[PDB]
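Data first, discussion second: the structure below is written as structure tokens.
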Amino acid sequence: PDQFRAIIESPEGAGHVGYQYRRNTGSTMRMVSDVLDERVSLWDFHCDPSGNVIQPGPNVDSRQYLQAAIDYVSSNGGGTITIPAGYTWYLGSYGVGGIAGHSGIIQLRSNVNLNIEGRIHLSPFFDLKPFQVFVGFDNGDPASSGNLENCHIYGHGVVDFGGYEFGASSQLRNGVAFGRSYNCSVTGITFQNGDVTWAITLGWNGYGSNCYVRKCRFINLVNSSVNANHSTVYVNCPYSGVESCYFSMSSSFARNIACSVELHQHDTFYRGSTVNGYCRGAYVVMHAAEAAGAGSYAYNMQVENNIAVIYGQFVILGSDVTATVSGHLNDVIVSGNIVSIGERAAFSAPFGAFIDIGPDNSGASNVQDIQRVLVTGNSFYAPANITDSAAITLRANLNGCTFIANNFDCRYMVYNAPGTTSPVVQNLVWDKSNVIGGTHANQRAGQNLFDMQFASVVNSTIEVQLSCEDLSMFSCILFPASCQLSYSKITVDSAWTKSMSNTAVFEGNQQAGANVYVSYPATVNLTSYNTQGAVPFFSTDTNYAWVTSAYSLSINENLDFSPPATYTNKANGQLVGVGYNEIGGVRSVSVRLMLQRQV
Amino acid sequence: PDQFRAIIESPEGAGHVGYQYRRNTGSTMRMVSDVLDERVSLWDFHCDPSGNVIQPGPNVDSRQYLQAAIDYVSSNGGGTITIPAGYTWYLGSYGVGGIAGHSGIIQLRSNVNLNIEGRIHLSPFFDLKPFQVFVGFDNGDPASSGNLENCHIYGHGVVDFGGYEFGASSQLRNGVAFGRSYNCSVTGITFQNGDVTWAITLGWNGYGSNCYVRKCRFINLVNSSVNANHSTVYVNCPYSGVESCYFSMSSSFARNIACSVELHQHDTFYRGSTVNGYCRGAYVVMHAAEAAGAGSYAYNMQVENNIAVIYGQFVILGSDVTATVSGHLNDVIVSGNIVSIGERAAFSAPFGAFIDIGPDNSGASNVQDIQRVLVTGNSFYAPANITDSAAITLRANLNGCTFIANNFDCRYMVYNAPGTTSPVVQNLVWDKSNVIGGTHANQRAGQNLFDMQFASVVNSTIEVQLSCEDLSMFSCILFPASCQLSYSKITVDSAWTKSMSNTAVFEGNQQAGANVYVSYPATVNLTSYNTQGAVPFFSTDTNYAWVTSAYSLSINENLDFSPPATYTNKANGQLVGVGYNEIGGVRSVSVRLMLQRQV
Amino acid sequence: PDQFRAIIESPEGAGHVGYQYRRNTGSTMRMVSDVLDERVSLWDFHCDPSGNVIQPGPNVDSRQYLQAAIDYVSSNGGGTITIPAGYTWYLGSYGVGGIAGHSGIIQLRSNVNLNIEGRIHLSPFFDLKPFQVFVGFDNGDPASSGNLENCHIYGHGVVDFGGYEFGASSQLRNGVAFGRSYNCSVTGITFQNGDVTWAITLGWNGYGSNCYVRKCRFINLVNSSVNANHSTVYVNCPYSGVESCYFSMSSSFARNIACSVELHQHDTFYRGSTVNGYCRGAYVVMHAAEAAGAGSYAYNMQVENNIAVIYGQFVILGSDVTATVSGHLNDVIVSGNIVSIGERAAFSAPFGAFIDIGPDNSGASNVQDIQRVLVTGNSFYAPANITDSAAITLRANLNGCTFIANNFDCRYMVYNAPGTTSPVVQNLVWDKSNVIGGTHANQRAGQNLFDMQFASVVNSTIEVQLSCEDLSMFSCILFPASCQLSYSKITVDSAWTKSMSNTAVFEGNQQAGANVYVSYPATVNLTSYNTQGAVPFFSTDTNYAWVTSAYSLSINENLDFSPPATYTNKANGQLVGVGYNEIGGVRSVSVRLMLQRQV
Ligand code: NA
Ligand code: NA
Ligand code: NA
Ligand code: NA
Ligand code: NA
Ligand code: NA
Ligand code: NA
Ligand code: NA
Ligand code: NA
């Protein structure tokens, strides 16, 4: 009996108190400790060497306790550790072993989930230092790392990076690096208050699968000029993605350096998220340097139904090569996104774009293999002052991209800066169902709406359709003489173009090519013969040898004659058609025509 | 030892029984009470003054117990209170203090989540009375209220409003009012069986952020003629939304009064939901009266990938003004929705529409500032008998709206009732990729498919394309003489129009305007001169002074001559072209032409 | 006191140890057993007849214990049973009673949820036998079954089917059959390693509502040639769907037999999912045989924003009839999907398609009633070698289907095999905004891009637009003489067609029909009269009696004359136009024209 009181007060006491669920005679006859052992929290490991519980706080380093918890639960085949609500748990030292090569704090282990209901904060030990808060690699060399499987982090809690700036631009900082990660996820968590490189990374160079970030918040994760670059989630394994997240930055530096998501492997997605205050929406890129685990192709890439206010580019496409591997990007869909460039001065952040075809990280524009991309059903808006805003900035070689049924309301439709790169363009398709807005009407002095500053364009379609006037622009579409153009279709619808001096401009006369199909409006001066009755009219100028037919876009204010309704050409480059002189006389008129070639 | 038995049976007993997790020697030496204290339920507060547990039931008011639980957990920095499964917990009185001004039952508190696994019912004390079941305001005056932060309500449970009708139309009833709410959400819950104004409201006049309703059900929440108006979720803070919910009504009154969602602040969404039995899908509105917390602009508004059977309008757009604030709506996307008007008689519910540009709550149509809206990739269907069905009912001033690649199968495409409002319309864009269905073919006697009953139309595009015949309609598009039309493009594709007497009708001759670009089919009678050889044909009528060119849509059944293939005009308003008389003679023919002006 | 030690060690011991939450004097004075009774796990029933806990393992059949748990919790109004993490729980026998008719293992009960954190495996007792692991029917005859309501299965755990092959093709195997299921769901679970017919089925012949599968994984669920057919989720009740799931197969048999989802009742969806290794994406079908619970119409069907690599067809549409019921499919949207046919030889799996209009299960093609379908904003790709790849394989009667703003990059656009079925086609709409890719350029010898192998086509639109050349194809569009064509619009844009011998081909001369509206390019030889001045040119051939106008697509390399720019016809079927002879002489030219009829 002495001994009984002793047992009951001992740590084995609950193991002596019987329990049967709801007094049910068919239930297991258990002990209290058995039922308590079905759950586990940080409190079960957050104790001193004598087993006395330690209270968390700014002057307590919780790291070793949390690691002990993870280690122990891992040893039993897994489970879920709760990080209790109503407490802030500070981390105040680096981890040891395999994660030290990654500046790791906590090592994640397979099947061991974390339910973060309270707050995890970084203590000032980490000020000006690199860190990766949770790491799933088990080796300093990721190539020699084991996998992390079935690890979920979820809850209503918070990871707070303590506000600390980077100490040097070369440093790396991360929230969760799942590593070579298979069926891992983060759900519900708020990441906030730091200066970091990534909040979450999924996979490693294509090793991993089925990793997701869902219903998380990322708030104020860049705060300094030291921060070299920030991408909030970096998706580096296939069959993985980001859904229904919220991303916000307030720093000025974030407007120049921060991107919300990167998709770097096949069968990856970015959907249903809201972004504010970032430079960029998403990179969609196949790096040859990352091709080890899942091949050299990024395909089935999806960016859909997101909402964004950014300062630079919404989606950036890329692929590149190494000495022995070539990366390819194909089968991409960008749809349903509503995006705007936030209020800013022209040229005060990276050049505004809905899509950017960017050069590689060395600036090379002749290594890319990007094709079979569909951009459909998106809206884009930039305020009227933002000269540096385009539907697509096409700055590197492009093997195809298709635009259907978007609404683009910005300075340029297609742009690339002259005397920069000279991309080779194939299979650029701009369907007539793309609606060109009018916010930048009157701002386009000296500018071409479609500024085709490329080395060459083949197998491309540009069907221009205005929906309001903008007589300030120099042309709707212009090809410099250095841009070859072949096997293409280029049309300018006449609506809102009557008063334009230039509609389509071919500075090398490239619309003459055998397999170029074009149409655009032009003003033409004609003169007739004197004959009464059916009578020819001929253009005064001889620059129409390429024209297959033309037809009037002007009314005839005369009674005594009419010019031809339709024209063909002659070998000397004149247009010619048959009009009617009710009364004879040489006539001379200036008419707006629709010039057509092979259409 | 006497004393030990006593301690063990006392309420401090579990605090004397030791426990160490899984017998792990490195785990904390705790007491049973410590582990039990990691969770909390309603049972921990649902007790009489002596501490004896009280069973819930229809004759027990659970309100004070649940409030006590919330209050206590709030005092510890938060946590999650479970509302146990297998019990119905009745609420039978009003709350006190700050929530009394809101007819509040329970006051929510920051960081205190509710996991509702059982059922919460309203007792008949609430019959014919106002109530707001859960309220996050802490003051009767919302302007003087504190915030609610980090409050989540979730579970497999149920909030049941007891079936009670409203007592007076002026009363308000709500399920959850989060208040000035930051990172709050409702997930998984079924709201059912009532007559209420809202089930959930998020935010207050733009104060709040990151509030969401996800995977909830709302069933039968209007049941009486007294109910003035019902909107199931009212989103009144930015960076907030509704995703993957189910909404159903069976009441006849709901078909006239109920809307599923309202989006009232920037960066808000409504996605992936299913609606049946409601009048309306969503309001997307910037009320000046609600502009305090987040500015005067609603932008980045998203309605996507929903499924609906409604009786009135799917999306209703609006903005309005007060004495000192002006509200603006811009940058909206409506995409991927599949919607139909349910079976009903014509005019038996509010006028059926996919989009409605509605007047303000006072009926004013000259205060709105709505622009940069994209409606793309949606389907809409109304049964053939529903005369009052339109793709857009445009009833108030519109500063722009763009339709691309939709499928609209209803009575009207564009409509506004004559002798009602006379909206000023700018930047209405109806792309040719909008497919017009054929359900209402043969029903359109006396009606114009595009009925342009506006004060004026500028910078607009209407590209009509039929996909089957409907010879019952009076015209494809008609402009009354009171509607000014300028700087616009209006086209009628000829397919399925050969037999139409009227295609495009300009009752004020507005197609003559200098910057109007049109084309449409017409039948024209021509007569030739007698000359053998090339010979002019001239229209008998003189109403073509606006025509820039025309071309034949008819075959020539003659051998001895041919009419012109193409025509221009003359100053007297005749058309003229050059045909061919193999043999001489005056000819007289009636031809279907495509009339063109500046296109 | 003797007696006290005894009570404490007994199974009623925890019922004698007092507890009050956090020492709060206003909290309930409870006993430890009360707090433990708030949760329940399998361990509470996994015991021998004496109440001693049994360890799970390969040689322990856990079935009776899990059933006992479900039964008991059901008796208390429900709750959630945990299936503990860190253990595999084997099932090794069949259930008894109502579920025996369904080869059921476990019977689900209303309000009793399962939180599966560990693993559930099938023992080899099930090798070569039928089984349905969890069944919600309570009767062997589903027609006499009660309902299952409010049953959720969720967690990070796993259902493993043990790898066992089917014993006979006629056998059925399933993971979860919810039965006549109302507010039931599966969330988070991994189904893997089997040879089964379905993983999950929702509803029964239209009985059920609000059933969902969310964030689950289905991995390797076909493994044998015996397996007759596999569809991973079969949705057989309305207001139900599949969201954000992952489906993968590696078996060769799956490429021929497996589909990811079937939608079989109204108001159902399939969204945001990733599929690899399957034959098919989704069936969307109204079976008359399944019309009992929710009517004879499947409407509001949504397939959106999915990512797929399949070997056969992405979406298959269907409806059929029984002796007394007729099934109808209408109001369908397919949008935002990015799909490809995986690498395979031509004809090595079922014919590749984005959409298939399939015959019924008996092969009948004259029973379907499918209409009001919108296919918009999708991408589809098949590798160049896959002859058997189409945007739509149209193999049964079709009452309407609309394609807007897709990107299809495969061998055929519209296809049906000749001398197979002869479908009746109405309201097939192929908008010009559909972009036709170029992967299969040069592969189309002998083939028609749009191969119209139908009994008849009415009220249809085909607007062909190429975006690169493919001179290998026999035609862009061909109608055999056996296909009637009326009240339709068929156009071939001229871009990339100059060198094509055949563009549109009407083998029965059907383009002559009164209400056929067409345009396409053709080469025509003309001869003029000798007259100096305005002079007629006439076609040598007489096959143009149907032509309403034509215009030049060729330049004029002559100085001394010009052919007409535009032409009409004459009764003998010649074309005729007026050109100009600067000098006299009979001229003879070959010109590319755009032939037009009523457009
Ligand atoms: Na490192
Ligand atoms: Na493409
Ligand atoms: Na060049
Ligand atoms: Na009030
Ligand atoms: Na717009
Ligand atoms: Na007016
Ligand atoms: Na059976
Ligand atoms: Na349709
Ligand atoms: Na036939």
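Each chain in the structure tokens gets a letter, A, B and so on, in the order shown; residues start at 1 in every chain, and ligands are counted from 1 in the order they appear.
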Write out as a tab-separated table (two decimals) with N, CA, C and O atoms, in the first residue's frame each polymer residue whose atoms come within 10 Å of region 162-172 of chain B, counting only C-alpha atoms; drop sequence neighbours fewer than 5 positions from it.
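The resulting out.tsv:
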chain	number	residue	atom	x	y	z
B	90	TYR	N	-27.93	23.32	-27.56
B	90	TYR	CA	-28.88	24.38	-27.83
B	90	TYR	C	-28.49	25.76	-27.28
B	90	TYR	O	-27.97	25.85	-26.18
B	102	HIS	N	-25.52	43.77	-31.64
B	102	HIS	CA	-25.57	43.01	-32.86
B	102	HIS	C	-26.50	41.81	-32.72
B	102	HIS	O	-26.47	40.90	-33.48
B	103	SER	N	-27.33	41.84	-31.70
B	103	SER	CA	-28.19	40.70	-31.34
B	103	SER	C	-27.41	39.44	-31.21
B	103	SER	O	-27.90	38.38	-31.60
B	120	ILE	N	-25.09	22.52	-33.21
B	120	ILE	CA	-25.53	23.72	-32.50
B	120	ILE	C	-26.85	24.10	-33.05
B	120	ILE	O	-26.97	24.30	-34.26
B	121	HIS	N	-27.86	24.16	-32.20
B	121	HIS	CA	-29.22	24.50	-32.59
B	121	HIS	C	-29.67	25.74	-31.87
B	121	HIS	O	-29.18	26.08	-30.77
B	122	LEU	N	-30.59	26.47	-32.51
B	122	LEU	CA	-31.25	27.59	-31.85
B	122	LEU	C	-32.58	27.17	-31.24
B	122	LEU	O	-33.40	26.55	-31.90
B	123	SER	N	-32.79	27.51	-29.98
B	123	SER	CA	-34.03	27.20	-29.30
B	123	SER	C	-35.11	28.23	-29.63
B	123	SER	O	-34.80	29.29	-30.19
B	124	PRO	N	-36.37	27.90	-29.28
B	124	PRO	CA	-37.47	28.74	-29.77
B	124	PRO	C	-37.56	30.09	-29.11
B	124	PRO	O	-38.35	30.89	-29.54
B	125	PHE	N	-36.76	30.34	-28.08
B	125	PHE	CA	-36.58	31.72	-27.64
B	125	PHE	C	-36.31	32.64	-28.82
B	125	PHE	O	-36.72	33.78	-28.83
B	126	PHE	N	-35.59	32.18	-29.81
B	126	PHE	CA	-35.29	33.04	-30.99
B	126	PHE	C	-36.35	33.15	-32.09
B	126	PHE	O	-36.20	33.90	-33.04
B	127	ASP	N	-37.46	32.42	-31.96
B	127	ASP	CA	-38.49	32.47	-32.97
B	127	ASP	C	-38.96	33.93	-33.10
B	127	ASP	O	-39.26	34.60	-32.08
B	128	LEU	N	-39.07	34.39	-34.34
B	128	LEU	CA	-39.52	35.75	-34.69
B	128	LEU	C	-38.65	36.87	-34.20
B	128	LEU	O	-39.11	38.00	-34.19
B	129	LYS	N	-37.41	36.60	-33.80
B	129	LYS	CA	-36.48	37.61	-33.25
B	129	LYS	C	-35.20	37.68	-34.11
B	129	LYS	O	-34.88	36.72	-34.82
B	130	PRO	N	-34.50	38.84	-34.07
B	130	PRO	CA	-33.19	38.91	-34.71
B	130	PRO	C	-32.09	38.12	-33.98
B	130	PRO	O	-32.22	37.85	-32.78
B	131	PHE	N	-31.00	37.72	-34.65
B	131	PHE	CA	-29.92	37.11	-33.92
B	131	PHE	C	-28.72	37.00	-34.79
B	131	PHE	O	-28.85	36.98	-36.01
B	132	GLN	N	-27.54	37.02	-34.18
B	132	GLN	CA	-26.32	36.75	-34.88
B	132	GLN	C	-25.57	35.81	-34.00
B	132	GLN	O	-25.19	36.13	-32.88
B	192	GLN	N	-27.82	25.30	-41.82
B	192	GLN	CA	-29.09	24.84	-42.36
B	192	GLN	C	-30.34	25.26	-41.61
B	192	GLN	O	-30.29	25.65	-40.42
B	193	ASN	N	-31.46	25.20	-42.31
B	193	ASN	CA	-32.78	25.22	-41.69
B	193	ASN	C	-33.09	26.56	-41.04
B	193	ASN	O	-33.27	26.64	-39.80
B	194	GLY	N	-33.15	27.62	-41.83
B	194	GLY	CA	-33.54	28.91	-41.26
B	194	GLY	C	-34.13	29.94	-42.19
B	194	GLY	O	-34.47	29.67	-43.36
B	195	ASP	N	-34.27	31.15	-41.67
B	195	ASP	CA	-34.74	32.30	-42.41
B	195	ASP	C	-33.82	33.41	-41.96
B	195	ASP	O	-34.06	34.02	-40.94
B	196	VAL	N	-32.70	33.58	-42.63
B	196	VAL	CA	-31.70	34.52	-42.19
B	196	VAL	C	-31.26	35.49	-43.28
B	196	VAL	O	-31.64	35.36	-44.48
B	197	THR	N	-30.49	36.51	-42.90
B	197	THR	CA	-30.09	37.52	-43.82
B	197	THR	C	-28.78	37.06	-44.49
B	197	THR	O	-28.66	37.12	-45.72
B	198	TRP	N	-27.85	36.60	-43.65
B	198	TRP	CA	-26.54	36.07	-44.13
B	198	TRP	C	-26.29	34.79	-43.29
B	198	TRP	O	-26.81	34.66	-42.16
B	220	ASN	N	-31.10	25.65	-47.21
B	220	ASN	CA	-32.46	26.06	-46.79
B	220	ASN	C	-32.44	27.17	-45.75
B	220	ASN	O	-32.86	27.01	-44.66
B	221	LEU	N	-31.86	28.31	-46.16
B	221	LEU	CA	-31.64	29.42	-45.24
B	221	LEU	C	-32.57	30.61	-45.48
B	221	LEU	O	-32.39	31.65	-44.82
B	222	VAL	N	-33.57	30.46	-46.34
B	222	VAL	CA	-34.68	31.41	-46.49
B	222	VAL	C	-35.91	30.57	-46.43
B	222	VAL	O	-36.01	29.58	-47.13
B	223	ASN	N	-36.94	30.97	-45.68
B	223	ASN	CA	-38.16	30.17	-45.68
B	223	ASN	C	-39.47	31.01	-45.62
B	223	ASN	O	-40.58	30.46	-45.52
B	224	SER	N	-39.38	32.32	-45.71
B	224	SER	CA	-40.60	33.14	-45.49
B	224	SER	C	-40.70	34.37	-46.39
B	224	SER	O	-39.70	34.89	-46.85
B	225	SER	N	-41.92	34.89	-46.52
B	225	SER	CA	-42.16	36.12	-47.29
B	225	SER	C	-41.70	37.34	-46.49
B	225	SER	O	-41.58	38.44	-47.00
B	226	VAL	N	-41.44	37.16	-45.21
B	226	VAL	CA	-41.02	38.30	-44.39
B	226	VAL	C	-39.55	38.68	-44.67
B	226	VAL	O	-39.19	39.86	-44.54
B	227	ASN	N	-38.74	37.68	-44.97
B	227	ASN	CA	-37.32	37.84	-45.21
B	227	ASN	C	-37.13	38.86	-46.31
B	227	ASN	O	-37.67	38.68	-47.38
B	228	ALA	N	-36.48	39.95	-46.00
B	228	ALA	CA	-36.32	41.05	-46.93
B	228	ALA	C	-35.32	40.77	-48.03
B	228	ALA	O	-35.42	41.33	-49.11
B	229	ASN	N	-34.31	39.94	-47.74
B	229	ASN	CA	-33.09	39.83	-48.59
B	229	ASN	C	-32.12	38.87	-47.95
B	229	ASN	O	-31.98	38.84	-46.70
B	230	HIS	N	-31.45	38.05	-48.75
B	230	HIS	CA	-30.55	37.10	-48.21
B	230	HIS	C	-29.33	36.97	-49.09
B	230	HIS	O	-29.44	36.75	-50.28
Show me which residues sit within 9 Å of ligand 8 when counting only C-alpha atoms and all ligand atoms, and put them as an MDAnalysis selection string.
(chainID B and resid 379:380 407:409 435:437) or (chainID C and resid 330:333 371:375 400:403 427:429)
Quick check for you: according to DSSP on this backbone, which residues of region 248-338 of chain A are classed as strand (DSSP E or B)? Reply as a short mmCIF file (atom, residue, chain, number, x, y, z; two decimals) with N, CA and C atoms, in the first residue's frame.
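Output file result-v8.cif follows:
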data_model
loop_
_atom_site.label_atom_id
_atom_site.label_comp_id
_atom_site.auth_asym_id
_atom_site.auth_seq_id
_atom_site.Cartn_x
_atom_site.Cartn_y
_atom_site.Cartn_z
N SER A 248 2.28 38.19 -49.55
CA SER A 248 2.32 39.62 -49.48
C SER A 248 3.70 40.08 -49.03
N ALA A 258 11.69 39.88 -55.53
CA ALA A 258 10.91 38.74 -54.99
C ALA A 258 9.93 38.14 -56.00
N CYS A 259 9.87 36.82 -56.07
CA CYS A 259 8.91 36.06 -56.86
C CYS A 259 8.10 35.15 -55.95
N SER A 260 6.84 34.90 -56.28
CA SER A 260 6.07 34.09 -55.39
C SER A 260 6.38 32.59 -55.49
N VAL A 261 6.48 32.04 -56.69
CA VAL A 261 6.57 30.60 -56.89
C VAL A 261 7.55 30.36 -58.00
N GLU A 262 8.30 29.26 -57.96
CA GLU A 262 9.00 28.74 -59.11
C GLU A 262 8.63 27.29 -59.39
N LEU A 263 8.26 26.99 -60.63
CA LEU A 263 8.03 25.63 -61.04
C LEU A 263 9.13 25.11 -61.91
N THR A 268 3.71 20.11 -62.56
CA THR A 268 3.64 21.06 -61.45
C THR A 268 2.70 22.21 -61.72
N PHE A 269 2.13 22.74 -60.65
CA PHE A 269 1.09 23.72 -60.73
C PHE A 269 1.19 24.86 -59.71
N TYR A 270 0.53 25.96 -60.04
CA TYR A 270 0.40 27.13 -59.21
C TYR A 270 -0.97 27.69 -59.45
N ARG A 271 -1.88 27.52 -58.50
CA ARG A 271 -3.30 27.81 -58.72
C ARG A 271 -3.93 28.55 -57.59
N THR A 274 -3.21 34.38 -54.29
CA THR A 274 -3.24 35.85 -54.29
C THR A 274 -1.84 36.38 -53.92
N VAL A 275 -1.33 37.28 -54.74
CA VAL A 275 -0.02 37.84 -54.60
C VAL A 275 -0.16 39.36 -54.58
N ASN A 276 0.54 40.00 -53.65
CA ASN A 276 0.69 41.47 -53.61
C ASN A 276 2.10 41.89 -53.20
N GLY A 277 2.70 42.84 -53.92
CA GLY A 277 3.91 43.50 -53.45
C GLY A 277 5.18 42.85 -53.98
N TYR A 278 5.04 41.85 -54.84
CA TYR A 278 6.19 41.07 -55.37
C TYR A 278 6.64 41.64 -56.71
N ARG A 280 7.67 39.44 -59.12
CA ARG A 280 7.31 38.43 -60.07
C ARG A 280 6.31 37.46 -59.53
N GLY A 281 5.53 36.87 -60.45
CA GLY A 281 4.50 35.88 -60.07
C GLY A 281 5.11 34.48 -59.97
N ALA A 282 5.53 33.96 -61.10
CA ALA A 282 6.13 32.63 -61.17
C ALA A 282 7.19 32.51 -62.23
N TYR A 283 8.30 31.84 -61.93
CA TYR A 283 9.18 31.25 -62.93
C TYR A 283 8.65 29.83 -63.30
N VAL A 284 8.68 29.55 -64.60
CA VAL A 284 8.42 28.22 -65.14
C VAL A 284 9.61 27.89 -66.00
N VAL A 285 10.51 27.05 -65.48
CA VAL A 285 11.86 26.98 -66.05
C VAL A 285 12.33 25.52 -65.98
N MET A 286 12.93 25.01 -67.05
CA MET A 286 13.72 23.77 -66.98
C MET A 286 15.23 24.05 -66.99
N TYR A 297 13.07 17.50 -69.28
CA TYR A 297 11.93 18.19 -69.77
C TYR A 297 11.00 18.65 -68.64
N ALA A 298 10.59 19.93 -68.63
CA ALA A 298 9.50 20.39 -67.81
C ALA A 298 8.31 20.46 -68.74
N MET A 301 2.96 22.07 -67.14
CA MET A 301 3.16 23.15 -66.22
C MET A 301 1.89 24.01 -66.22
N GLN A 302 1.33 24.29 -65.06
CA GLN A 302 0.04 24.96 -65.00
C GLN A 302 0.07 26.16 -64.08
N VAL A 303 -0.25 27.35 -64.58
CA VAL A 303 -0.40 28.53 -63.78
C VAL A 303 -1.83 29.04 -63.99
N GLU A 304 -2.72 28.89 -63.02
CA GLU A 304 -4.13 29.18 -63.28
C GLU A 304 -4.85 29.85 -62.14
N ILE A 307 -4.48 35.67 -58.65
CA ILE A 307 -4.76 37.07 -58.56
C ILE A 307 -3.49 37.74 -58.12
N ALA A 308 -3.05 38.76 -58.84
CA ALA A 308 -1.71 39.34 -58.55
C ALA A 308 -1.62 40.82 -58.75
N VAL A 309 -0.90 41.52 -57.85
CA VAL A 309 -0.36 42.86 -58.06
C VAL A 309 1.15 42.71 -57.91
N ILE A 310 1.86 42.89 -59.01
CA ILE A 310 3.31 42.72 -59.09
C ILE A 310 3.93 43.97 -59.69
N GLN A 313 7.41 40.96 -63.74
CA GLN A 313 6.75 40.01 -64.69
C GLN A 313 5.94 38.95 -64.03
N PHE A 314 4.79 38.61 -64.64
CA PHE A 314 3.92 37.64 -64.02
C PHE A 314 4.43 36.20 -64.16
N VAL A 315 4.65 35.75 -65.36
CA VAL A 315 5.24 34.43 -65.62
C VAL A 315 6.43 34.59 -66.47
N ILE A 316 7.52 33.96 -66.05
CA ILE A 316 8.78 33.95 -66.72
C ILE A 316 9.10 32.54 -67.16
N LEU A 317 9.31 32.38 -68.47
CA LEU A 317 9.61 31.08 -69.06
C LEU A 317 11.09 30.98 -69.34
N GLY A 318 11.61 29.76 -69.26
CA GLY A 318 13.05 29.56 -69.46
C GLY A 318 13.40 28.10 -69.63
N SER A 319 14.53 27.90 -70.32
CA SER A 319 15.20 26.63 -70.31
C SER A 319 16.61 26.91 -70.69
N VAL A 321 21.00 24.98 -70.77
CA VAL A 321 21.84 23.83 -70.97
C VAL A 321 23.07 23.84 -70.06
N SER A 326 20.68 19.07 -71.85
CA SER A 326 19.91 20.19 -72.37
C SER A 326 18.52 20.19 -71.85
N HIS A 328 14.49 21.45 -71.60
CA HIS A 328 13.41 21.80 -72.52
C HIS A 328 12.16 22.12 -71.73
N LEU A 329 11.39 23.13 -72.15
CA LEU A 329 10.14 23.49 -71.57
C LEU A 329 9.04 23.41 -72.60
N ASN A 330 7.99 22.61 -72.31
CA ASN A 330 6.90 22.49 -73.31
C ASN A 330 5.69 22.06 -72.60
N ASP A 331 4.56 22.27 -73.25
CA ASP A 331 3.23 21.87 -72.68
C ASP A 331 2.92 22.62 -71.35
N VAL A 332 2.70 23.89 -71.53
CA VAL A 332 2.49 24.86 -70.43
C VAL A 332 1.12 25.48 -70.66
N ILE A 333 0.35 25.77 -69.59
CA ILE A 333 -0.89 26.50 -69.69
C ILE A 333 -0.91 27.58 -68.64
N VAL A 334 -1.24 28.78 -69.09
CA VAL A 334 -1.37 29.94 -68.26
C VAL A 334 -2.76 30.46 -68.50
N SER A 335 -3.65 30.35 -67.54
CA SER A 335 -5.07 30.66 -67.80
C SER A 335 -5.78 31.19 -66.59
N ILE A 338 -5.70 36.99 -63.14
CA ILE A 338 -6.05 38.43 -63.23
C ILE A 338 -4.87 39.14 -62.56
#
CA of residue 6 (chain B) and CA of residue 3 (chain C), how far apart in Å?
13.8 Å
Ligand 1 neighbours within 10 Å using only C-alpha atoms and all ligand atoms, as a VMD selection string
chain A and resid 99 to 104 139 to 142 172
